[PDB]
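Peer 1: Here it is: the structure, laid out below.
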Amino acid sequence: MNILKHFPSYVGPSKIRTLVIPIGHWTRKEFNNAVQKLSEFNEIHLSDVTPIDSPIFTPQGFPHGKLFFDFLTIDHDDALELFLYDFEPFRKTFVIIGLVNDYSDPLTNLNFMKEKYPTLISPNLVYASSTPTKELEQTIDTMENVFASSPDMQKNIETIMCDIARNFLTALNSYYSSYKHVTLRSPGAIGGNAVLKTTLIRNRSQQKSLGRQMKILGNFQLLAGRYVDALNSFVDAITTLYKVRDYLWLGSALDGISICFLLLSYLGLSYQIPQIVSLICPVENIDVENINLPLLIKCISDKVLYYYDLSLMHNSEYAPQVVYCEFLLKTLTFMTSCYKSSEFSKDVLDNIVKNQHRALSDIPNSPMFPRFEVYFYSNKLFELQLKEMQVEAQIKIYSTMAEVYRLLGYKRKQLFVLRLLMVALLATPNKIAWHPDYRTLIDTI
Amino acid sequence: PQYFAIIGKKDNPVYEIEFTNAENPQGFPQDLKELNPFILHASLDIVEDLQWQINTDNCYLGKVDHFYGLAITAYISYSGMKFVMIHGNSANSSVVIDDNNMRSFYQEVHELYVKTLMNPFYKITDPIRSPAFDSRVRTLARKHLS
Amino acid sequence: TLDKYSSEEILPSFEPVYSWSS
Amino acid sequence: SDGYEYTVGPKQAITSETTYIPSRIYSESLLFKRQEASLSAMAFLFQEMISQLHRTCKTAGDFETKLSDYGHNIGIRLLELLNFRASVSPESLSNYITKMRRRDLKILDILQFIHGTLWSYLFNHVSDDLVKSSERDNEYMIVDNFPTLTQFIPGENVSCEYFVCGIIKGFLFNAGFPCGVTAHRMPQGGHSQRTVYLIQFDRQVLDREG
């Protein structure tokens, strides 16, 4: 397991968060190896999944499309991150896969699973058993949300992950059908003074509602795995949301369409950059081949940061500090990913999506960004008050900045930010349980 | 206030000192006192990065790094000696650095380092343990720094 | 030794491997 | 008492508060007081220092390293100070200067500086015919037709000349240019008191330059 070594990805909002749990009588090492190998089939193409009846999430709607997965194990602190699900849905985890080895009844097991996790949408479990009896085999293969594989996860993992996607699409479609008749008010309006307003130390209703609904429709498509229609929805979302001057939601919409740009580039399809984004943000209509994609991404990112800044003086529609900081981390790691090659090629497109770090490499002359723009951008992270948010945000921010500086080759800066991490972890007013990665952290320092 | 240091090629300090302004003579309150060496060690990396570049004078770097209201300025002499310091607010400001006062300050401090380097008993690794040097540096700080 | 002692244990079922806050 | 005292850390100094001590070296300026003396004294000190190292050493490698170390303690002090004088454009010396010699941060600039200013300081005449051998990968070299310091040393072998080798070794090492400098003897031009200090730079600098 890899706990305090976060390094986000710019396609993270497209990635699907899935919480994994050790049902039964497992050990730490065996479970860690199991989940690590299970986190190797997270590119389930939409071609190999069989279709679904409903149209707006049918896997038989686009020949390409990778349908990422993001397997994780940390139960993030709910009841405070619950509030900002209306603003964007991908924050909420959706599908549970539970590893089980006890030869126990799947029906009662998943019954108690659902009783424990009412909030989550798509539960399912997988048996890591060595030759379970035929009586259990009949019961499990009768039902869909229960599967079985031999220990070490090497029997039918591909088809299993195909089917998990198949149930997940149906479950998300049910969720959206239940969810498409809501007001979708901003998290500031939802919580009042429950989310910090990012204290720095540096005819107007129906159209807004329609724009927000079109946004969330496009965002659900983006998470579901059909992206050309997601782009076509994001265009008419942004153009309608610009005139109503709702800066906060427009920022996330612009972020989403930028993610669409990157991932369609990764899939290697042609697409014109729309006149609306070209008008709202300059480039300094036209095919992607006649423009350098990273500079486009950079100016888009800068403009959405500008809108998040411009959306602070409104008391109940202010962008939450968690979203602001996480987006900043996302752009910073994107810049570091770009700063490894003069050519913006399939290699780095694979790196950014698959999250392989490739520590240390030969520097080619004249990379995309210099090694001062990255540092100057990372200095923006300290401009916001950091020692007031809680430990998840603190550790994620300081750990990814440490990794950023390590890739840039600023060893003593990495030492500085790791020291900041250590004091921040010390100052928490709650007991913390031992992990074998604090060992690695102290050794590295 | 201000906190000034002289550091050698092996990344160890041969001098450190801190200057108040007599309004809040405790200096940086209590936490920045602990944080000065680490922020300065952080800035050392950028100073080293600018140490070997093309682009006129290049001994004085000026404002190189930023932090919570701290302006970090640096000067490189010829042996890799780095004269680095951090300027802080008077408990509330947007502190700005002079363009010539600190230049001349580094000029004379480098003069002092040059003339105290010559004596045969002084090694590069050993610190500048000299009351005369300390007195001269602080009376220079009174005249130039503020 | 803690390093090997924690490697093999009985995990609390129906719970994550490692939670952060109480 | 008011020194640095590195164990305790930076003491707190109040800006408003000032009584100077007669150091006798910080007060004494260093502008360019010319006090040139006879070559005989330098030669006698040179031969006696060689003789004392000659007793202390056990082998040619020991003599090599010891004399190189002896000369290495002069380049350290020359590198700062000679550049600092050259920064002067025609009491505290710092109130007569506006800008400095930049940093001679390039390989060619530092080597040209040793060709021009350092040698003119040491032996009162600029060195002759700086060269780089464009044969192996890189082998810089500075040749002297008549080395002043070791002129009286007889014998076709050259090992007592490494004083100057240590001087250039320190001058390049402190400027961020590690080297493996070494002297060699080669008659070419009818002099036969001709000595080439070959400078061989390190892979760090080789990667740095390009």
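Order determines the names: the first chain of the structure tokens is A, the second B, and so forth; residues in each chain are numbered 1 upward, and ligands are numbered 1 upward as they are shown.
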Residues of chain A within 10 Å of chain B, counting only C-alpha atoms, what are they? List them as a PyMOL selection string.
Peer 2: chain A and resi 201-202+371-372+375-376+379-380+382-385+409-417+419-420
Peer 1: Skip residue 322 (chain A) itself and residues of its chain fewer than 5 positions away, then list as number ranges by chain all residues within 9 Å of it, counting only C-alpha atoms.
Peer 2: A: 195-196, 198, 327, 389, 393
Peer 1: Got a sec: who's within 9 Å of residue 168 (chain A), counting only C-alpha atoms, leaving out chain neighbours fewer than 4 positions off, as an NGL selection string?
Peer 2: :A and (94-95 or 121-122 or 163-164 or 172-173 or 224)
Peer 1: Would you put the residues from that selection into a file with C-alpha atoms, as an mmCIF file, in the first residue's frame?
Peer 2:
```cif
data_model
loop_
_atom_site.group_PDB
_atom_site.id
_atom_site.type_symbol
_atom_site.label_atom_id
_atom_site.label_comp_id
_atom_site.auth_asym_id
_atom_site.auth_seq_id
_atom_site.Cartn_x
_atom_site.Cartn_y
_atom_site.Cartn_z
ATOM 1 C CA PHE A 94 -19.503 4.986 -6.183
ATOM 2 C CA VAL A 95 -18.572 1.287 -6.416
ATOM 3 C CA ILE A 121 -24.191 3.008 -4.796
ATOM 4 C CA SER A 122 -22.783 -0.214 -6.324
ATOM 5 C CA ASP A 163 -18.530 -7.111 -15.340
ATOM 6 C CA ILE A 164 -17.834 -4.622 -12.525
ATOM 7 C CA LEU A 172 -24.751 5.177 -12.088
ATOM 8 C CA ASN A 173 -27.584 5.431 -14.608
ATOM 9 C CA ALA A 224 -19.226 7.367 -17.226
#
```
Peer 1: Please identify every residue of chain A that has at least one atom no more than 9 Å from any atom of chain C, counting only C-alpha atoms, and report them as a PyMOL selection string.
Peer 2: chain A and resi 3+19-31+73-77+98+112-113+116+391-392+430-436
Peer 1: Can you write out the residues you just picked, keeping N, CA and C atoms, as an mmCIF file, in the first residue's frame?
Peer 2:
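Final output, part_2.cif:
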```cif
data_model
loop_
_atom_site.group_PDB
_atom_site.id
_atom_site.type_symbol
_atom_site.label_atom_id
_atom_site.label_comp_id
_atom_site.auth_asym_id
_atom_site.auth_seq_id
_atom_site.Cartn_x
_atom_site.Cartn_y
_atom_site.Cartn_z
ATOM 1 N N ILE A 3 0.435 5.114 1.063
ATOM 2 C CA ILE A 3 -0.485 5.954 1.825
ATOM 3 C C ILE A 3 -0.141 7.441 1.706
ATOM 4 N N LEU A 19 -13.561 2.071 -3.391
ATOM 5 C CA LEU A 19 -13.018 1.696 -2.095
ATOM 6 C C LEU A 19 -13.008 0.175 -1.979
ATOM 7 N N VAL A 20 -11.880 -0.373 -1.523
ATOM 8 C CA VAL A 20 -11.657 -1.815 -1.463
ATOM 9 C C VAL A 20 -11.499 -2.223 -0.006
ATOM 10 N N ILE A 21 -12.130 -3.335 0.376
ATOM 11 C CA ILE A 21 -12.228 -3.738 1.780
ATOM 12 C C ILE A 21 -11.859 -5.208 1.991
ATOM 13 N N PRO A 22 -11.163 -5.564 3.107
ATOM 14 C CA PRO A 22 -10.700 -6.942 3.349
ATOM 15 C C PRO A 22 -11.677 -7.821 4.133
ATOM 16 N N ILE A 23 -12.694 -8.349 3.459
ATOM 17 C CA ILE A 23 -13.672 -9.172 4.159
ATOM 18 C C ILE A 23 -13.013 -10.482 4.570
ATOM 19 N N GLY A 24 -13.289 -10.924 5.796
ATOM 20 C CA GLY A 24 -12.900 -12.253 6.240
ATOM 21 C C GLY A 24 -11.747 -12.316 7.223
ATOM 22 N N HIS A 25 -10.708 -13.071 6.865
ATOM 23 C CA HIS A 25 -9.608 -13.436 7.756
ATOM 24 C C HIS A 25 -8.264 -13.230 7.068
ATOM 25 N N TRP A 26 -8.083 -12.067 6.452
ATOM 26 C CA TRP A 26 -6.888 -11.777 5.676
ATOM 27 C C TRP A 26 -5.776 -11.228 6.566
ATOM 28 N N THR A 27 -4.586 -11.114 5.976
ATOM 29 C CA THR A 27 -3.432 -10.473 6.586
ATOM 30 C C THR A 27 -3.064 -9.231 5.787
ATOM 31 N N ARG A 28 -2.293 -8.351 6.430
ATOM 32 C CA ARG A 28 -1.914 -7.087 5.806
ATOM 33 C C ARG A 28 -1.143 -7.316 4.513
ATOM 34 N N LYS A 29 -0.127 -8.179 4.552
ATOM 35 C CA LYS A 29 0.713 -8.390 3.379
ATOM 36 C C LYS A 29 -0.083 -9.000 2.232
ATOM 37 N N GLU A 30 -0.872 -10.033 2.527
ATOM 38 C CA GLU A 30 -1.644 -10.697 1.481
ATOM 39 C C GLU A 30 -2.656 -9.743 0.865
ATOM 40 N N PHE A 31 -3.350 -8.968 1.703
ATOM 41 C CA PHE A 31 -4.322 -8.020 1.174
ATOM 42 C C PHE A 31 -3.649 -6.927 0.361
ATOM 43 N N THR A 73 -8.143 2.544 -0.740
ATOM 44 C CA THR A 73 -8.494 1.870 0.500
ATOM 45 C C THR A 73 -8.772 2.832 1.644
ATOM 46 N N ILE A 74 -8.413 4.103 1.521
ATOM 47 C CA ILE A 74 -8.574 5.053 2.615
ATOM 48 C C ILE A 74 -10.026 5.502 2.652
ATOM 49 N N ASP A 75 -10.679 5.312 3.795
ATOM 50 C CA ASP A 75 -12.026 5.836 3.996
ATOM 51 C C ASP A 75 -11.907 7.306 4.368
ATOM 52 N N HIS A 76 -12.094 8.179 3.383
ATOM 53 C CA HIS A 76 -12.004 9.610 3.631
ATOM 54 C C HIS A 76 -13.111 10.044 4.581
ATOM 55 N N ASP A 77 -12.855 11.132 5.302
ATOM 56 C CA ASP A 77 -13.781 11.599 6.327
ATOM 57 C C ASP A 77 -15.061 12.095 5.670
ATOM 58 N N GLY A 98 -15.357 -5.782 -2.619
ATOM 59 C CA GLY A 98 -14.879 -6.334 -1.368
ATOM 60 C C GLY A 98 -14.191 -7.668 -1.552
ATOM 61 N N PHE A 112 -24.971 -7.245 5.047
ATOM 62 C CA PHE A 112 -24.325 -6.428 6.070
ATOM 63 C C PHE A 112 -23.444 -5.352 5.447
ATOM 64 N N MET A 113 -22.867 -5.626 4.273
ATOM 65 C CA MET A 113 -22.070 -4.616 3.581
ATOM 66 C C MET A 113 -22.917 -3.397 3.239
ATOM 67 N N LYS A 116 -23.839 -1.434 6.291
ATOM 68 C CA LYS A 116 -22.755 -0.605 6.807
ATOM 69 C C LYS A 116 -22.527 0.626 5.941
ATOM 70 N N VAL A 391 -6.144 17.104 8.189
ATOM 71 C CA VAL A 391 -4.898 16.382 7.964
ATOM 72 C C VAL A 391 -4.844 15.762 6.577
ATOM 73 N N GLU A 392 -5.977 15.326 6.027
ATOM 74 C CA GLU A 392 -5.957 14.748 4.685
ATOM 75 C C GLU A 392 -5.459 15.758 3.663
ATOM 76 N N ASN A 430 -5.186 14.299 17.341
ATOM 77 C CA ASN A 430 -5.847 13.002 17.356
ATOM 78 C C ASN A 430 -4.823 11.901 17.128
ATOM 79 N N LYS A 431 -5.062 10.759 17.768
ATOM 80 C CA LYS A 431 -4.153 9.630 17.648
ATOM 81 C C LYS A 431 -4.127 9.118 16.214
ATOM 82 N N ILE A 432 -2.942 8.701 15.771
ATOM 83 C CA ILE A 432 -2.719 8.177 14.428
ATOM 84 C C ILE A 432 -2.057 6.813 14.547
ATOM 85 N N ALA A 433 -2.561 5.848 13.786
ATOM 86 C CA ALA A 433 -2.084 4.480 13.877
ATOM 87 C C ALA A 433 -0.862 4.272 12.988
ATOM 88 N N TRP A 434 -0.073 3.263 13.342
ATOM 89 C CA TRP A 434 1.189 3.021 12.662
ATOM 90 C C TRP A 434 0.964 2.476 11.258
ATOM 91 N N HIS A 435 1.837 2.878 10.338
ATOM 92 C CA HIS A 435 1.879 2.390 8.967
ATOM 93 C C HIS A 435 3.336 2.158 8.595
ATOM 94 N N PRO A 436 3.631 1.211 7.682
ATOM 95 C CA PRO A 436 5.036 1.025 7.288
ATOM 96 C C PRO A 436 5.593 2.082 6.343
#
```
Peer 1: Quick one: DSSP helix (DSSP H, G or I) residues in region 56-203 of chain D, as a ChimeraX atom specification?
Peer 2: /D:56,60-86,93-96,107-123,162-174,203
Peer 1: Suppose you want the space between CA of residue 150 (chain D) and CA of residue 164 (chain D); what is it in Å?
Peer 2: 9.4 Å
Peer 1: Just asking: which residues within chain B are strand (DSSP E) according to DSSP, as a VMD selection string?
Peer 2: chain B and resid 2 to 7 13 to 19 60 to 66 71 to 76 82 to 87
